[PDB]
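Trainee: I'd like to ask you about the structure that follows.
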Amino acid sequence: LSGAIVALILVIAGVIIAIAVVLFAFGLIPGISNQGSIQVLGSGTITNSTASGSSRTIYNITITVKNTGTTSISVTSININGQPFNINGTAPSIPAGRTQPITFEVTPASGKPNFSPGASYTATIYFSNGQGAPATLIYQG
Amino acid sequence: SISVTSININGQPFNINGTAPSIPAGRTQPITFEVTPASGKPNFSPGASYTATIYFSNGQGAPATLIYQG
Amino acid sequence: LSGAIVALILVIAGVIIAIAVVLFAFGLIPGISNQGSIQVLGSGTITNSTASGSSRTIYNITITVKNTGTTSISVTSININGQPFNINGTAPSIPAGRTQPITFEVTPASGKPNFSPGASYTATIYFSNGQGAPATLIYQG
Amino acid sequence: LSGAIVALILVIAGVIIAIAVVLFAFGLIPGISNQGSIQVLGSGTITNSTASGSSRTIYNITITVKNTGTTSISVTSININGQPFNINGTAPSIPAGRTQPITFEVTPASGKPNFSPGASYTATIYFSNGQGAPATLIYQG
Amino acid sequence: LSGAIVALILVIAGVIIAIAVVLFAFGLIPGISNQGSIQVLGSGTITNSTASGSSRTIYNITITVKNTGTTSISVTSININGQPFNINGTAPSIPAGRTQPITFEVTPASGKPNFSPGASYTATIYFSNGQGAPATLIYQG
Amino acid sequence: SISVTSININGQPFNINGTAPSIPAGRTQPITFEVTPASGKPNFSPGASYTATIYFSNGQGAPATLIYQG
Amino acid sequence: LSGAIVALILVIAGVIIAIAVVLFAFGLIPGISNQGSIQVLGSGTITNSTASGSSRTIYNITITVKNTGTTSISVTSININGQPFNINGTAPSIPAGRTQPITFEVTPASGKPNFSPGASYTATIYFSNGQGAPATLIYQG
Ligand SMILES: *[C@@H]1O[C@H](CO)[C@@H](O[C@@H]2O[C@H](CO[C@H]3O[C@H](CO)[C@@H](O)[C@H](O)[C@@H]3O)[C@@H](O[C@H]3O[C@H](CO)[C@@H](O)[C@H](O)[C@@H]3O)[C@H](O[C@@H]3O[C@H](CS(=O)(=O)O)[C@@H](O)[C@H](O)[C@H]3O)[C@H]2NC(C)=O)[C@H](O)[C@H]1NC(C)=O
Ligand SMILES: *[C@@H]1O[C@H](CO)[C@@H](O[C@@H]2O[C@H](CO[C@H]3O[C@H](CO)[C@@H](O)[C@H](O)[C@@H]3O)[C@@H](O[C@H]3O[C@H](CO)[C@@H](O)[C@H](O)[C@@H]3O)[C@H](O[C@@H]3O[C@H](CS(=O)(=O)O)[C@@H](O)[C@H](O)[C@H]3O)[C@H]2NC(C)=O)[C@H](O)[C@H]1NC(C)=O
Ligand SMILES: *[C@@H]1O[C@H](CO)[C@@H](O[C@@H]2O[C@H](CO[C@H]3O[C@H](CO)[C@@H](O)[C@H](O)[C@@H]3O)[C@@H](O[C@H]3O[C@H](CO)[C@@H](O)[C@H](O)[C@@H]3O)[C@H](O[C@@H]3O[C@H](CS(=O)(=O)O)[C@@H](O)[C@H](O)[C@H]3O)[C@H]2NC(C)=O)[C@H](O)[C@H]1NC(C)=O
Ligand SMILES: *[C@@H]1O[C@H](CO)[C@@H](O[C@@H]2O[C@H](CO[C@H]3O[C@H](CO)[C@@H](O)[C@H](O)[C@@H]3O)[C@@H](O[C@H]3O[C@H](CO)[C@@H](O)[C@H](O)[C@@H]3O)[C@H](O[C@@H]3O[C@H](CS(=O)(=O)O)[C@@H](O)[C@H](O)[C@H]3O)[C@H]2NC(C)=O)[C@H](O)[C@H]1NC(C)=O
Ligand SMILES: *[C@@H]1O[C@H](CO)[C@@H](O[C@@H]2O[C@H](CO[C@H]3O[C@H](CO)[C@@H](O)[C@H](O)[C@@H]3O)[C@@H](O[C@H]3O[C@H](CO)[C@@H](O)[C@H](O)[C@@H]3O)[C@H](O[C@@H]3O[C@H](CS(=O)(=O)O)[C@@H](O)[C@H](O)[C@H]3O)[C@H]2NC(C)=O)[C@H](O)[C@H]1NC(C)=O
Ligand SMILES: *[C@@H]1O[C@H](CO)[C@@H](O[C@@H]2O[C@H](CO[C@H]3O[C@H](CO)[C@@H](O)[C@H](O)[C@@H]3O)[C@@H](O[C@H]3O[C@H](CO)[C@@H](O)[C@H](O)[C@@H]3O)[C@H](O[C@@H]3O[C@H](CS(=O)(=O)O)[C@@H](O)[C@H](O)[C@H]3O)[C@H]2NC(C)=O)[C@H](O)[C@H]1NC(C)=O
Ligand SMILES: *[C@@H]1O[C@H](CO)[C@@H](O[C@@H]2O[C@H](CO[C@H]3O[C@H](CO)[C@@H](O)[C@H](O)[C@@H]3O)[C@@H](O[C@H]3O[C@H](CO)[C@@H](O)[C@H](O)[C@@H]3O)[C@H](O[C@@H]3O[C@H](CS(=O)(=O)O)[C@@H](O)[C@H](O)[C@H]3O)[C@H]2NC(C)=O)[C@H](O)[C@H]1NC(C)=O
Ligand SMILES: *[C@@H]1O[C@H](CO)[C@@H](O[C@@H]2O[C@H](CO[C@H]3O[C@H](CO)[C@@H](O)[C@H](O)[C@@H]3O)[C@@H](O)[C@H](O)[C@H]2NC(C)=O)[C@H](O)[C@H]1NC(C)=O
Ligand SMILES: *[C@@H]1O[C@H](CO)[C@@H](O[C@@H]2O[C@H](CO[C@H]3O[C@H](CO)[C@@H](O)[C@H](O)[C@@H]3O)[C@@H](O)[C@H](O)[C@H]2NC(C)=O)[C@H](O)[C@H]1NC(C)=O
Ligand SMILES: *[C@@H]1O[C@H](CO)[C@@H](O[C@@H]2O[C@H](CO[C@H]3O[C@H](CO)[C@@H](O)[C@H](O)[C@@H]3O)[C@@H](O)[C@H](O)[C@H]2NC(C)=O)[C@H](O)[C@H]1NC(C)=O
Ligand SMILES: *[C@@H]1O[C@H](CO)[C@@H](O[C@@H]2O[C@H](CO[C@H]3O[C@H](CO)[C@@H](O)[C@H](O)[C@@H]3O)[C@@H](O)[C@H](O)[C@H]2NC(C)=O)[C@H](O)[C@H]1NC(C)=O
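Residue numbers (our numbering), protein chains in the order written: chain A, 135 to 275; chain B, -19 to 50; chain C, 135 to 275; chain D, 135 to 275; chain E, 135 to 275; chain F, -19 to 50; chain G, 135 to 275.
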């Protein structure tokens, strides 16, 4: 008798644990699937903010940005002409569903830039999502 | 009627501060309860997913995904 | 009489041992299921730390890292351009739920690197989880 | 009794094998990087190399090859104008960090090639890291 | 009395068979590696090979094949342009560590192929290690 | 504490010449050991990656990827 | 005595059920291929279909459709250039194995479109498989 009752328990338990894992897999879908992103529109600009012979050079990155997602997002880094820059001061944030010009200040992480007036540099902006967007910036002066 | 005995979040043990919530026979419903870390200090990040396992008075444990909203 | 009493004991014992194993299987789920990981954001950089004609070359790997899990984690190895490197000095550690730039020093395990200024190398960072993440590092100089 | 004891063994073994496969998937990643170690720079040259009255047609091929990996790599095959060619003698190799004009001898496998002085032929070179690369070869005579 | 004595035998046998199956699962793993031993390099060539007035249409096929396994491997079948082909005579083989132009004779199984001079045909070659590989073949006439 | 007992690389068996190394409980380590082919010869290539399987004293084995350095 | 007989029956039944599950898995493979039964080919046209200043704008969607499936399959819905539309008339249906032109009347679900002569618009047509096919319609009206 014993063998068949044990076999039946492990069938019923097998069904329970298997269905629990299938329901778990359906529960992941809202977290992993998430349409919409920050989009970068047109060219941006770089402007020299540095003043008074200060020890650190500071630049100004103005660009037009459209958040197509359902949540507020922020910038976290920029890379320009292959060189990393830190975003000095509070990083700006783009509300859900909104198009804005945004401006923020940056400093080189190491070395110095060699920008030229009217030249165009490729840049990559990284958002709080981990998602990044390639952009073109024109150096104004 | 069956009640929540314990919860573990992302491997970490947690204590249900408030009284155990209970689900009546045959019902489907939302269930809400207050919980506190058993040790240390967690740091949930907005919009990230964590796996709870909730243990009910059957001894049955169910894995579930929670998204942090705070 | 004997046969039926023994048959009944082995039914009841069968139920007990089978339910004990089902409860054990539900007890594994918190250990094996563990969402969230270390995520590597944007490009990192390599910088030459070597000095004074020393016998060992030392490099600097700076990268931005986001721990989405509920526990503190550390780096344990890096492989760059197919070559293994040791993390000289205490390996850095990323607290739960936190985004950080991290920096650590490394030395080749065998041979020598042949990095070139401004070139980009694929790398893999391995964390204490056993989980690893592919990354791109730009050699600065 | 037997059924539950077997279920417990297969549960624990299942966890061990599943974790091993996940770790293996992360362990592959470094090996993918090496597939791009080589590139071919500019046009190369074909030259008829065989001695007077000799049975074998043999050609000298010269190309500039750049190696960016951490190990020496060698030529393994060439396809010229669609024809597969055999490589004669020892294969050449490119040291790990270097860019060099490389020269080697080849002989046709599929039949008789009819190169014309000053004509330009496409080729694909194949290397010991499993990479293939497009090339242009000018037949000098 | 009988019932308990039988239960003891089936408990011990259960442990022995369960452990044997777990060890078998680990014992499979080496055999999986060999499935990727071969790759086909560049275009190959088809050539009409049959003698004047002969009943059989027969073609010569030439391709470069690289073997990276620890054993010799042979060609077992080819499918050209969707048609299955039969292989005539002895199959060719590629020595364990080598890259070679390989030549073999084939004859159509499914009907009459109508190759056109200079046209390019996709093929799948199949090898004695159970692997299949995509190939391109240019019909020379 | 556990030890290695065999390795298979690219489908070929190898013997672990000299004392097999051993890993203490709860510990992470780089380990190094020497091996010889049991039959035939390998045909490794610099920078190429080979699948391998390491077998421990448990009978448990683990798949691995090895890069041939030179 | 009984325990051994029960063990034997469950061993034999185990073999049968395991084989049945393996055969069932292959039985799904033909069924899932029905998801690809329809192809939309060539380019379609869209033309004014309303008259006499009637209250509804109505149009004509002519397309060529090939059905590779074993059953007659029908148009469930259409979306034109991102906009939802309703098929006024009864759903058209494509018989098994046929290639044919298909023509049907359609109306905007909301607002007012303004197709311009000779411009191209992308329809996606959804068939009773749940399969959706993108197609280009040129406006003729
Ligand atoms: C953005 O604005 C920044 C601040 O004005 C500029 O950085 C400053 O550049 C000065 C020289 O300018 C020229 O040369 C650069 C290459 O070195 C080039 O990128 C520029 O486009 C421009 O052609 C520099 O002056 C230093 O160097 C001069 C020689 O080049 C020398 O004459 C100066 O005496 C001085 O050493 C600034 O450096 C700082 O100068 C301070 C004195 S003063 O120059 O203000 O009178 C001194 O006290 C301080 O120690 C020294 O560091 C330099 N400023 C900084 C912070 O580095 C930058 O060029 C502008 N453009 C871009 C694209 O970044
Ligand atoms: C990172 O920094 C490291 C330390 O400065 C660099 O390693 C050092 O490289 C020196 C040569 O530099 C050039 O050649 C390299 C290839 O060999 C190349 O990777 C570099 O990009 C660069 O073009 C080397 O100097 C040795 O070799 C010279 C010939 O190449 C020769 O002129 C020197 O006399 C010397 O032999 C360094 O080696 C060490 O040199 C000591 C004397 S001194 O050079 O400091 O004056 C000597 O006492 C010592 O025994 C010898 O080993 C070499 N240092 C080390 C520790 O290996 C490295 O190139 C930099 N870049 C990268 C990408 O790693
Ligand atoms: C590479 O160089 C080799 C010599 O180093 C060449 O071999 C020589 O080929 C000559 C003809 O080449 C033509 O025909 C080939 C097939 O035979 C063909 O593959 C080539 O692409 C090309 O179209 C050959 O000349 C013989 O044949 C001629 C007719 O084809 C005839 O006019 C000649 O008189 C001669 O019989 C060479 O043979 C040698 O010729 C010597 C005299 S001379 O031709 O140098 O004036 C003669 O003394 C000698 O006995 C005879 O064998 C043959 N060998 C040599 C040493 O020249 C090979 O074709 C080259 N391949 C390419 C692709 O350029
Ligand atoms: C095809 O490739 C072959 C190698 O794969 C080449 O063989 C090499 O030929 C070099 C001289 O070739 C010159 O003269 C030919 C007439 O004899 C002419 O057809 C060629 O076009 C070319 O103008 C030879 O170099 C010798 O002369 C050099 C001075 O010019 C001197 O520096 C060298 O030391 C040598 O004496 C090559 O030399 C051999 O060199 C070996 C070292 S290495 O050159 O490979 O680095 C050395 O170990 C050996 O002892 C020596 O004999 C010679 N190389 C080989 C491997 O044989 C052939 O010329 C190429 N053909 C064409 C038409 O270009
Ligand atoms: C591979 O090579 C074989 C010869 O080595 C070819 O066999 C020859 O095929 C000729 C026609 O080929 C065409 O028709 C085939 C079906 O018959 C078809 O499979 C081919 O793809 C191609 O479309 C055939 O020519 C005969 O038929 C012609 C009409 O189709 C007619 O115009 C000819 O006069 C002739 O009757 C060959 O037969 C031989 O022709 C000799 C004269 S000549 O044609 O060489 O000028 C004649 O003397 C002889 O009696 C007669 O049998 C036939 N055999 C030979 C030796 O040429 C085969 O088709 C090739 N396959 C491919 C794919 O290219
Ligand atoms: C299709 O494949 C067949 C093999 O599967 C080929 O048969 C081989 O033909 C070689 C010569 O072919 C040349 O001449 C043909 C006209 O007769 C022409 O149609 C071809 O396009 C090609 O130009 C033959 O090689 C001989 O000649 C060589 C010099 O060119 C010499 O080096 C060889 O030793 C040989 O004398 C092949 O030779 C046979 O070779 C055997 C060794 S191996 O070559 O297989 O390594 C040897 O054991 C045997 O005794 C000898 O007779 C010959 N191979 C076979 C197996 O028959 C056929 O040409 C291919 N057809 C085409 C159109 O390419
Ligand atoms: C497809 O054909 C349809 C019917 O022929 C067109 O829809 C009808 O368009 C009439 C005017 O057409 C002009 O304006 C359109 C935008 O409204 C434009 O797309 C056309 O290209 C063209 O430039 C419209 O008539 C109304 O508006 C006129 C002014 O534009 C005015 O003169 C009329 O008196 C009328 O107010 C139709 O609306 C219908 O008109 C009926 C009277 S009559 O026009 O037949 O004399 C009226 O009884 C009815 O209530 C009113 O709805 C309009 N029909 C509909 C259903 O909207 C359509 O533009 C064509 N093209 C496309 C791309 O859809
Ligand atoms: C980077 O961000 C800092 C805040 O995160 C910001 O600090 C603020 O500074 C302003 C005034 O700064 C001026 O003076 C300093 C010298 O003290 C210069 O380096 C600077 O360029 C400006 O000219 C101050 O009003 C405010 O209270 C500060 N805020 C905080 C939170 O401390 C830095 O100024 C900024 N760096 C640059 C170069 O702008
Ligand atoms: C943790 O669990 C307790 C029981 O499960 C619960 O006690 C109940 O408390 C409410 C009123 O609590 C208020 O006042 C206390 C101070 O006494 C605060 O700490 C608390 O935040 C509230 O502001 C009471 O009406 C009820 O009868 C209690 N229930 C029982 C069974 O005793 C605690 O409230 C709960 N902790 C929190 C923060 O809610
Ligand atoms: C690798 O990590 C070591 C610690 O794990 C570290 O030791 C520390 O060294 C610093 C000073 O090191 C300098 O001098 C040595 C020669 O003695 C050079 O090799 C080195 O590059 C530095 O220039 C010392 O202050 C500190 O107390 C040491 N800490 C410990 C725990 O011993 C090594 O320096 C480091 N290697 C490199 C190359 O940085
Ligand atoms: C395989 O393992 C052996 C021990 O299990 C080891 O023996 C030791 O050998 C070393 C010195 O070996 C050198 O010389 C021999 C020739 O005699 C070479 O084959 C070898 O490659 C080395 O170059 C010796 O100091 C030590 O005492 C030996 N230990 C014992 C216990 O005998 C073998 O050397 C080793 N095989 C290889 C190839 O390393």
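Idealized CB from N, CA, C, for every residue including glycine.
Indicate the three-state DSSP secondary structure (helix, strand or coil) for residue 149 of chain G in the structure shown.
Mentor: Numbered from 1 along the seventh sequence, position 15 holds the residue referred to as residue 149 of chain G. Residue 149 of chain G falls in the helix class under three-state DSSP.
Trainee: From the beta carbon of residue 216 of chain C, is the nearest beta carbon of chain F less than 7 Å away?
Mentor: Numbered from its first residue, the third sequence carries residue 216 of chain C at position 82. Yes, contact with chain F.
Trainee: List the whole-angstrom C-beta distance separating residue 273 of chain A from residue 266 of chain A, where the pair is believed to meet the contact cut-off of C-beta under 8 Å.
Mentor: The count along the first sequence starts at 1 and reaches residue 273 of chain A at position 139. The count along the first sequence starts at 1 and reaches residue 266 of chain A at position 132. At roughly 21 Å, the Cβ-Cβ gap does not stay under 8 Å, so residue 273 of chain A and residue 266 of chain A are not in contact.
Trainee: What first and last residue would you give for the beta strand (DSSP E) that runs through residue 260 of chain A?
Mentor: Counted from its first residue, the first sequence places residue 260 of chain A at position 126. Looking at the DSSP string, the run of the beta strand (DSSP E) that includes residue 260 of chain A is 254 to 261.
Trainee: What do you reckon, are the CB atoms on residue 208 of chain A and residue 262 of chain A nearer than 7 Å?
Mentor: Walking along the first sequence from the start, residue 208 of chain A turns up at place 74. Walking along the first sequence from the start, residue 262 of chain A turns up at place 128. Yes; because the gap between Cβ atoms is below 7 Å, this pair is in contact.
Trainee: Taking Cβ-Cβ distances shorter than 9 Å, what residues in chain G pair up with residue 138 of chain A?
Mentor: Counting from 1 along the first sequence, the entry for residue 138 of chain A is found at position 4. Going along chain G in sequence order, the residues near residue 138 of chain A (Cβ under 9 Å) are 140, 143, 144.
Trainee: Are residue 238 of chain D and residue 226 of chain D closer than 7 Å when you measure CB to CB?
Mentor: By one-based count along the fourth sequence, residue 238 of chain D stands at place 104. By one-based count along the fourth sequence, residue 226 of chain D stands at place 92. Yes. Within cutoff.
Trainee: Please list, in chain order, the residues of the region -2 to 9 of chain F that have any C-beta partner in chain E closer than 8 Å.
Mentor: Taking 8 Å as the Cβ-Cβ cut-off against chain E, none of the residues of the region -2 to 9 of chain F qualify.
Trainee: Looking only at its chain, what residues have a beta carbon closer than 6 Å to the beta carbon of residue 254 of chain G, apart from the 5 residues adjacent to it on each side?
Mentor: Stepping through the seventh sequence from its first residue, residue 254 of chain G is reached at position 120. Counting only Cβ-Cβ distances below 6 Å, and skipping sequence neighbours, we find 270, 272.
Trainee: Starting from the N-terminal side, write out each stretch of the beta strand (DSSP E) that is 3 residues or longer and does not extend beyond the region 212 to 251 of chain G.
Mentor: Entirely contained in the region 212 to 251 of chain G, the beta strand (DSSP E) runs reaching 3 residues are, in chain order, 217 to 220, 233 to 242.
Trainee: Put residue 185 of chain A into one of helix, strand or coil per three-state DSSP.
Mentor: Numbered from 1 along the first sequence, position 51 holds the residue referred to as residue 185 of chain A. Three-state result, residue 185 of chain A: coil.
Trainee: Who are the Cβ neighbours of residue 232 of chain C in its own chain at under 7 Å, not counting the five residues just before and after it?
Mentor: Translated into positions along the third sequence, residue 232 of chain C becomes position 98. Here the set comprises 201.
Trainee: Could you check where the beta strand (DSSP E) with residue 168 of chain C kicks off and where it finishes?
Mentor: Stepping through the third sequence from its first residue, residue 168 of chain C is reached at position 34. Here residue 168 of chain C belongs to no beta strand (DSSP E), and DSSP marks it neither H nor E.
Trainee: If you draw a straight line from the C-alpha of residue -4 of chain B to the C-alpha of residue -13 of chain B, how long is it?
Mentor: Within the second sequence, the letter at position 16 stands for residue -4 of chain B. Within the second sequence, the letter at position 7 stands for residue -13 of chain B. If you take the alpha carbons of residue -4 of chain B and residue -13 of chain B, they lie about 7 Å apart.
Trainee: Which chain A residues sit within Cβ distance under 8 Å of residue 221 of chain C?
Mentor: Numbered from its first residue, the third sequence carries residue 221 of chain C at position 87. Residues of chain A passing the Cβ test: none, with the nearest at roughly 21 Å.
Trainee: Taking the straight line between their C-alpha atoms, what separation do you get for residue 243 of chain D and residue 235 of chain E?
Mentor: On the fourth sequence, position 109 is the one that residue 243 of chain D refers to. On the fifth sequence, position 101 is the one that residue 235 of chain E refers to. The alpha-carbon atoms of residue 243 of chain D and residue 235 of chain E are separated by roughly 7 Å.
Trainee: For residue 139 of chain E, write down the residues that DSSP places opposite it in a beta bridge.
Mentor: Stepping through the fifth sequence from its first residue, residue 139 of chain E is reached at position 5. Paired residues: none, contrary to the question.
Trainee: Report the CB separation of residue 219 of chain A from residue 191 of chain A in whole angstroms; it is logged as a contact under 8 Å.
Mentor: Here residue 219 of chain A is taken as the residue at index 85 of the first sequence, counted from 1. Here residue 191 of chain A is taken as the residue at index 57 of the first sequence, counted from 1. Wrong, their Cβ atoms sit about 10 Å apart, outside the cutoff.
Trainee: Bridge partners for residue 48 of chain B per DSSP, in chain order?
Mentor: Locating residue 48 of chain B in the second sequence gives position 68, counting from the first residue. None; residue 48 of chain B has no bridge partner.
Trainee: Please classify residue 24 of chain B as buried or exposed, where buried requires at least 16 neighbouring CB atoms within 10 angstroms.
Mentor: Here residue 24 of chain B corresponds to residue number 44 of the second sequence, with the count starting at 1. The residue in question, residue 24 of chain B, is buried, as its Cβ has 16 or more Cβ neighbours within 10 Å.
Trainee: Do you know how far the Cα of residue 174 of chain G is from the Cα of residue 252 of chain G?
Mentor: Walking along the seventh sequence from the start, residue 252 of chain G turns up at place 118. Walking along the seventh sequence from the start, residue 174 of chain G turns up at place 40. In a straight line, the C-alpha of residue 252 of chain G is about 20 Å away from that of residue 174 of chain G.
Trainee: Specify the secondary structure class of residue 178 of chain A as computed by DSSP and reduced to three states.
Mentor: Indexing the first sequence from 1 puts residue 178 of chain A at position 44. The answer is strand: DSSP assigns residue 178 of chain A an E or B state.
Trainee: Is it the case that the Cβ atoms of residue 172 of chain E and residue 195 of chain E are separated by a distance below 7 Å?
Mentor: Taking the first residue of the fifth sequence as position 1, residue 172 of chain E is located at position 38. Taking the first residue of the fifth sequence as position 1, residue 195 of chain E is located at position 61. No, Cβ-Cβ distance for residue 172 of chain E and residue 195 of chain E is not below 7 Å.
Trainee: Whose C-alpha, out of E:158, E:176, E:185, is nearest the C-alpha of residue 257 of chain E?
Mentor: As a working note, residue 257 of chain E is residue 123 in the fifth sequence. Of E:158, E:176, E:185, the residue nearest in Cα terms is E:176.
Trainee: Look up residue 203 of chain G in the DSSP assignment and say whether it is helix, strand or coil.
Mentor: Along the seventh sequence, one-based indexing puts residue 203 of chain G at 69. DSSP places residue 203 of chain G in coil when its eight states are reduced to three.
Trainee: Please name the residues in the region 162 to 182 of chain C whose beta-carbon is closer than 7 Å to at least one beta-carbon of chain B, in chain order.
Mentor: Those residues of the region 162 to 182 of chain C that come within reach of chain B (Cβ to Cβ, closer than 7 Å) are 163, 164, 165, 167, 168, 169, 170.
Trainee: What do you reckon, is the C-beta of residue 187 of chain A under 6 Å from a heavy atom of ligand 9?
Mentor: Counting from one through the first sequence, the residue named residue 187 of chain A turns up at place 53. For ligand 9, not one heavy atom lies less than 6 Å from the Cβ of residue 187 of chain A.
Trainee: Could you have a look at residue 161 of chain C and say whether DSSP puts it in helix, strand or coil?
Mentor: Counting from 1 along the third sequence, the entry for residue 161 of chain C is found at position 27. Helix, per DSSP.
Trainee: With 7 Å set as the bound, which would you pick, yes or no: does the beta-carbon of residue 28 of chain B sit closer than that to a beta-carbon of chain C?
Mentor: As a working mapping, residue 28 of chain B is identified with position 48 in the second sequence. Cβ-Cβ to chain C under 7 Å: yes for residue 28 of chain B.
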